[PDB]
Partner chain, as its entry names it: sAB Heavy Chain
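Presented as structure tokens, the chain that follows is alone, the form solved without the partner chain.
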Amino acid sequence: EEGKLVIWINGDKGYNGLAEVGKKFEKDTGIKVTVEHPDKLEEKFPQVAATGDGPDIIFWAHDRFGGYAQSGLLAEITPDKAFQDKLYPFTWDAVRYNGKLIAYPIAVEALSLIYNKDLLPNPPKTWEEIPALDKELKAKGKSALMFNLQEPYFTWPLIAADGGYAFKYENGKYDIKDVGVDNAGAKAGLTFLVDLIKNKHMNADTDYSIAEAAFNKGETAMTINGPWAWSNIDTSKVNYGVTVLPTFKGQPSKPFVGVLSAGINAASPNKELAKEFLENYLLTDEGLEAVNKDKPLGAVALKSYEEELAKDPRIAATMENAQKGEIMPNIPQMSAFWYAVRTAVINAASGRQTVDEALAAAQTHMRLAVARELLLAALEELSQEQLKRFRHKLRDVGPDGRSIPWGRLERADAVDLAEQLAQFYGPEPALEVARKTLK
């Protein structure tokens, strides 16, 4: 373990180029660096890192690093402001969890507008032009745009364009009490999407497979997709371009941003060697180039090498849409976001719910789920004697002069108390009831 670096990276990345970086790192310092790509390493890491047996460095999308950092499995990195300013500022937000930097950002991915140059040499700059564009291409048997409408990941760029957001991100922190899925911007975006469906410009049943097949066979002029899809379009011999997403009401589309990141194992005995390898060997032009020409990293976080990589207009498009988009939040509450919004968009796209009631319902679910988590957290942090006095002060408590029924109140733990109080008072007023009970 000591005096040696073990790096875990997914097998679909340029791990041989990373090994070349480790080889230059060895001949400069004498420290051996071995790169491995275990199967389902993102699931093996949380069990072998706390156990004491895993890698020193793990490369993965920043979304899973939030769960890792919640378990204390990632060490807090210490790059000075000089090294931080060498990377794009927004990429640093993707590797922050409860204020602490937990990883180095490596590469950046985001949705972009993919268009067929033979069908559409000049793609539209606004969503507003799409209806008139579709009516023209429909005369030739084509359609303007097809993309996956079944997953909020793909429809959120339009919904967030005019002001929708999952949780407010300010001062390097997410405010889980500021949910923006039912504000006026999200309504305007979803209304425009539904209007496209009603006016037959889109079909509510289009999924990822149908959209990809239709674009790669020249049937539609545009699709919305990421770099993972480029290889299939390369096979299809479609003459395609990758460009900035259309604006809506003058505001850019805001796709979710994924940041491939390098985290240092908290149980590693080579944190200093890892930091030296990542800052001075990997995150340089030479190291990124060695990795990228093995398998392309896409848009990278290192400014100097991203200018060189942006000579490919497709990578420039990815980075541009990334800078205009929003970092994918790495907090656990996003589980309520994905469930709620996926239902709302599908129901609104079908006409089972209006846009207003679909977004309202999604807003309530996320809000009530957060409130129940906050009620439990407030009750679980009480000491055993605080909990004891809380239990006894809880007797005779109940709405309408009827005390809440408990099986054995004097031994009801936090989970029982929180769930039962939430059912009788709502999750938010149960918290004020819990506080007033003590005082």
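Take the two forms, superpose them, and find the largest set of C-alpha atoms that agree within 1.5 Å; that set is the rigid core. Residue numbers count along the first chain shown, from 1.
We do not show the form solved in complex with the partner chain, though everything after this point is about it.
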Would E320 count as moving between this form and the one not shown, using a Cα shift of 2 angstroms or more after superposing the core as the test? no
Do you see a C-alpha shift of 2 Å or more at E279 between this form and the one not shown, with the core held fixed? yes
Explain in one word, closer or farther, how the Cα atoms of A229 and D12 are placed in the deposited complex relative to this form, where the distance changes by 3 Å or more. closer
Would you mind telling me if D285 and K324 are closer or farther apart in the deposited complex than in the shown form, C-alpha to C-alpha, with a 3 Å or larger change? farther
